[PDB]
Amino acid sequence: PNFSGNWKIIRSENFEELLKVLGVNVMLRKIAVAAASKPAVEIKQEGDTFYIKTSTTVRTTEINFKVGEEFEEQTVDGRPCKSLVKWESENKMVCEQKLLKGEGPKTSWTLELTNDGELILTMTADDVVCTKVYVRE
């Protein structure tokens, strides 16, 4: 299917705790779940090529990738990393991340589209999982 759209968050579970495994301090943490608490997600998909923009009130980031080709982005706590997305199924992609510098938690993310048109994002850091669910504006 097609992941394209302007996506608004409808559910968020365990985000604060993902931030703790990544070692995000309490100052940054409390404002990260506050007004940066509607991240808006915009996706443009063409075949295996993706543009994904994630925005809060104060921050904006863009990634551009093709499935099966390495690219650079950052972990949720901001550390630069090399990423690689592959399809787990027709409706689900999985991204493995590797730090460019230093050591840290094993981090990944997944995106999947339900038959009803919900976008499910999961983010993992070692043994901690955060799930966010979006619907199209």
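Hydrogens, waters and symmetry mates play no part in the numbers below; they use all other heavy atoms, side chains included. Just so you know, residue 1 is the first one in the sequence shown, and it goes up from there.
Scanning for salt bridge (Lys or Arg N to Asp or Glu O under 4.0 Å) contacts around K82 gives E70, with sequence neighbours left out. Remark: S12 pairs with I9, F15, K132 by the side chain to side chain contact (heavy atoms under 4.5 Å, CB included) rule, at least two apart or across chains. For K8, there are no salt bridge (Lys or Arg N to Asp or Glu O under 4.0 Å) partners at least two apart in sequence or on another chain. Shown here are the side chain to side chain contact (heavy atoms under 4.5 Å, CB included) partners of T60, two or more places apart in sequence or in another chain: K53, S55.
The aromatic rings of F50 and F65 lie parallel to each other, with less than 30° between the two planes, well short of the 60° mark.
In this structure, CH2 in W7 is found 5.0 Å from CG in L113, a value given to the nearest 0.5 Å. The distance from the CD atom of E69 to the OG1 atom of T49 is 7.0 Å, given to the nearest 0.5 Å. Annotation: the span from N25 atom CG to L19 atom CG amounts to 10.5 Å, rounded to 0.5 Å.
No chain of hydrophobic side-chain contacts below 4.5 Å, direct or via other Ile, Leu, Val, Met, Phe, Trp or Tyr residues, connects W87 to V94. A single hydrophobic cluster is seen to contain both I63 and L111, as judged by linkage of ILVMFWY side chains at heavy-atom distances under 4.5 Å, directly or through other members. Hydrophobic cluster membership differs between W109 and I120, with clusters built from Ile, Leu, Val, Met, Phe, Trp and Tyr side chains linked at under 4.5 angstrom. Under a hydrophobic clustering in which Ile, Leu, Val, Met, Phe, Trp and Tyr are joined whenever their side-chain heavy atoms come within less than 4.5 Å, directly or via other members, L22 and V33 fall into the same cluster. By the criterion of side-chain heavy atoms lying less than 4.5 angstrom apart, applied directly or through intervening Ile, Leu, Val, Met, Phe, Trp or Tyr residues, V67 is grouped together with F3 in one hydrophobic cluster.
Applying the 6.0 Å contact sphere to CD of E13 captures no more than 12 heavy atoms from other residues, nucleotides or ligands.
When the options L18, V24, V21 are evaluated for a side chain to side chain contact (heavy atoms under 4.5 Å, CB included) with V76, the one that passes is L18. The side chain to side chain contact (heavy atoms under 4.5 Å, CB included) test with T75 is passed by exactly one of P105, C81, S83: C81. In summary, of the residues considered (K86, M123, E73), a side chain to side chain contact (heavy atoms under 4.5 Å, CB included) with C95 occurs for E73 alone. When each of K98, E96, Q97, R79 is paired with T107, the side-chain hydrogen bond (donor to acceptor under 3.5 Å, both in side chains) condition holds for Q97 and for no other.
Remark: the backbone N or O of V129 is paired with a side-chain donor or acceptor of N14 at under 3.5 angstrom. Listed for the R136 side chain is no donor-acceptor partner under 3.5 Å among the backbone atoms of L119. The backbone N or O of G47 lies less than 3.5 Å from a partner atom in the side chain of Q45, making a donor-acceptor pair.
Pairs of residues two or more places apart, or lying in two chains, that qualify as salt bridge (charged side-chain N to carboxylate O under 4.0 Å, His left out) and include a residue from residues 39-51 are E42-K44. Within the structure, side chain to side chain donor-acceptor pair (under 3.5 Å) pairs that include any residue of residues 111-128 comprise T110-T122, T114-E118 (at least two apart or interchain).
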Inset, instruction - Might you work through the side-chain contact (heavy atoms from CB on, under 4.5 Å) test for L121 and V41, ending with a clear yes or no? - result: CA-CA 11 Å; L121 166 69; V41 174; over 6 Å; no
